[PDB]
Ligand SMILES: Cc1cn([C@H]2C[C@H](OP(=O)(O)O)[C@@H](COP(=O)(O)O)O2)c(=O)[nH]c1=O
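Shown here is one chain on its own, the form deposited without the named molecule, set out as structure tokens.
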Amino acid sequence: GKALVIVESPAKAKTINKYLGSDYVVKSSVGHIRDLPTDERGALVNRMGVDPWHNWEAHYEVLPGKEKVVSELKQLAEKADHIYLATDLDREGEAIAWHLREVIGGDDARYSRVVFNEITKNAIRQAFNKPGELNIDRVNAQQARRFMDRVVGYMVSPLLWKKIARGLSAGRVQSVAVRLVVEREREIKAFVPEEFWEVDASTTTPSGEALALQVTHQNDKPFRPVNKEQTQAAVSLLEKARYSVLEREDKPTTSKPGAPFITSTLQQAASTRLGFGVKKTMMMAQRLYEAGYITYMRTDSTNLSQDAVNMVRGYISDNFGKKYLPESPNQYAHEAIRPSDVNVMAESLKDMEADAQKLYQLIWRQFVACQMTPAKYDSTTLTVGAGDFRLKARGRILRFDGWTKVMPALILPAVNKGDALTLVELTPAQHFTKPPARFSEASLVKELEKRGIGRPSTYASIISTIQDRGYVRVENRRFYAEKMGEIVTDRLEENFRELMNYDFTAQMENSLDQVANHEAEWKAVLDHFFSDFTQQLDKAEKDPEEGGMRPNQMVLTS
């Protein structure tokens, strides 16, 4: 009679229940149901639940207490015509859907795998309207990832305990992420500030208005003294010069709004704008999503659907006006993270705490803004001559706010070419170059994406998973490398070159995408991975005098 619909959480079940008819019975598996534990050695194989020596055979086990949950599903399955798997659209979502279908058993024809990137009336309709099949390639991709991660962790770690210290850990990508922080740490420790000066000038227009200028050239060459004397020398020359407006240029400029958020950009914005960490932002994001307020929070696509863009353009038109609505929609190049209904304001959210509302507001503003016209400004650039010196002044005036209208609310004098300015005061100032900035959780993710290391679905885990391991720590919202973090990084770099290499790591991601798109077979990809890995691991175990990993020692004076 009725149909069975399975989701992974209660909150997701309630929201989706609002859009599924009487013939549907929604049920949340409430968790993962089944998963993995916690030249071959049976001991290692059981702890991992994967066998690199018997063609990657796995040993999945239902989770604790989840046994009664299993039987409850089987019952609902026998009294339902069709079974719908409505797990989240990403790969682990596909895998979770796979585990459900394995555990419940039955004919494959009995199953369907729905896909949706937001939980709305219209989205849930098209989802169950044209349902698809479980994509085994996306499943194979997800498991391959879990398998190699497991292999690196359970096989490299034992070596680290023997060579460095008990309790240490290793991570396929985790170690690579730690390397970036370790290199940044070392950069900062070795940086040597450099002295360089600047000179500003206070002048008067003929009328008598105040005009501030900064020295840019001397002898037509850039002006950049490096000590106190070089400056005073230039200062006393400038004190006698006759100042005049050698040139004026007025050009209209514009500023365009940013593209709609994606996982990485969202985290950075949340961290920069609201001081939210990656974990905080991703938990609220998911909470808003499962509540039906925003689209799926794991994406690297900045695209927007036709309806989404048409609903927003209408909003801009009713609430802002003709001059804010571009002629044609803005096209940036799955969907971006955006509100599900542009007409629902942050203040109208129900089950959400203050910060989850602030995040929604941020997402809302970005979305609305990206579809509005750009801001217009009238820039002015005055160039002033004085002896062999050339000075400059910058000024900007807003003419049309455009997109900045949806963001919170927030001047050179009049002079013609050839006018004489009167010197009033000369102000020298000493500065010094700064060392590279420290990574933030979000910035680190940003760096990872730039290098193609993470994936919208692993960033948060990567970030969290490299902490409380004694390698890197967050202090004042910034990353700091610990000594043990450098100790382990050099070891891995010397004895696991390929695994620590940035290009090889990014390549693995491409590698994994290829399995998902049927451009590669998962076991073959795992075999090649294991081959390179065990060759590295074998040499690492040898005594250092044969090229093996160095011990964390320090011999006497003997």
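We number the residues from 1 along the sequence you see.
Separately, the form deposited with the named molecule bound exists; it is not shown, and the next lines address it.
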message = What I'd like checked is whether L382, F389 and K392 together line the named molecule in the deposited bound form, meaning each has a non-hydrogen atom within 4.5 Å of it.
response = no
key: Heavy atom contact within 4.5 Å of the named molecule in the deposited bound form, the stretch among 153 to 161, 483 to 491, 269 to 277, 97 to 105   = 269 to 277
note = Note: exactly one of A233, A212, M407, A241 sits with a heavy atom within 4.5 Å of the named molecule in the deposited bound form, namely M407
Sole residue of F261, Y471, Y293, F147 within 4.5 Å of the named molecule in the deposited bound form, by heavy atom = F261
key: Partner proximity in the deposited bound form: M352 to the named molecule, non-hydrogen atom cutoff 4.5 Å   = no
request  = Classify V245 as contacting or not contacting the named molecule in the deposited bound form by the rule of any non-hydrogen atom within 4.5 angstroms, answering yes or no.
outcome  = no
request  = Decide whether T281 counts as a contact residue for the named molecule in the deposited bound form under a heavy atom distance cut-off of 4.5 Å.
outcome  = no
key: Touches the named molecule in the deposited bound form: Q366 (any heavy atom, 4.5 Å)   = yes
